[PDB]
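Just the one chain here, laid out as structure tokens, in the form deposited in one PDB entry.
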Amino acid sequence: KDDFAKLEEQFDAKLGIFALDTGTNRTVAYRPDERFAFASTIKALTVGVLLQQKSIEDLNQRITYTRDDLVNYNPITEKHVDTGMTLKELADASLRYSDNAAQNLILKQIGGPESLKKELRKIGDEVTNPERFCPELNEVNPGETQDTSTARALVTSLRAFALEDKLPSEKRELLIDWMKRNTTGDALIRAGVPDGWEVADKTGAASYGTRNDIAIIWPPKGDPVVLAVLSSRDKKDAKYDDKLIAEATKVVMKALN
């Protein structure tokens, strides 16, 4: 779109857009195959692999961890090094708060970034490139591919776990519920969607003004939209503006509504 190019101009940023209406197969694309650091959006796919692995009862497994597992941002995990946390609780904290220690513990449990990669390849994702813990500070730079993905691949993988057959329905329900009750995305995709429509989302933030959000958006009646809005900027220490994500989403909704 001229419309997306305008937003890149207004915000001095690079935009990556992919949206699929699952009820019509209509598509919205703008740099859909351009790579961006996936950042915390990977937490969503990590839980997908986690669920696939485990049974639902197995998620009640208690993980004991230490202060040495605490990283830069540990809003839930810092409160329970005494008690530990169950895998289910770690998935909650990772998805809904973007608790970084929680993600690290879950990654360890699934066998690390190498194992996460191997599992994403198995579900048909050849693009997404998990390599490191804390993705995210790698880093990296242009135009290296470690810990990156594209708007297309993230949509395709999110859809696979959340909506298709990479998971049985009761595990689907957990992932979707956690993402619906995300606390970190109010100013992003959620702010670009019409009022009262349910949204499941996972946010990401990285250097180079990288600000990301992947989402499933249910219209009142009928089939959901799966969307990835990715963004980055020129300078390593550039700041992002959440408003870019909300406005991009508005453009996407107009192109499909």
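Just count from 1 along the sequence shown to find any residue number.
Just so it is clear, the following notes concern the form deposited with a partner chain bound, a form of the same protein that is not shown.
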Check your understanding: Want to guess which of 206-214, 44-52, 227-235, 60-68 is within 4.5 Å of its partner chain in the entry with it bound, heavy atoms only?
Key -> 60-68
Review point. Do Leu175 and its partner chain share at least one heavy atom pair within 4.5 Å in the entry with it bound?
Key: no
Check your understanding: According to a 4.5 angstroms non-hydrogen atom cut-off, is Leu167 in contact with its partner chain in the entry with it bound?
Key -> no
Review point. Quick one: is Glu136 in contact with its partner chain in the entry with it bound, heavy atoms, 4.5 Å cut-off?
Key: yes
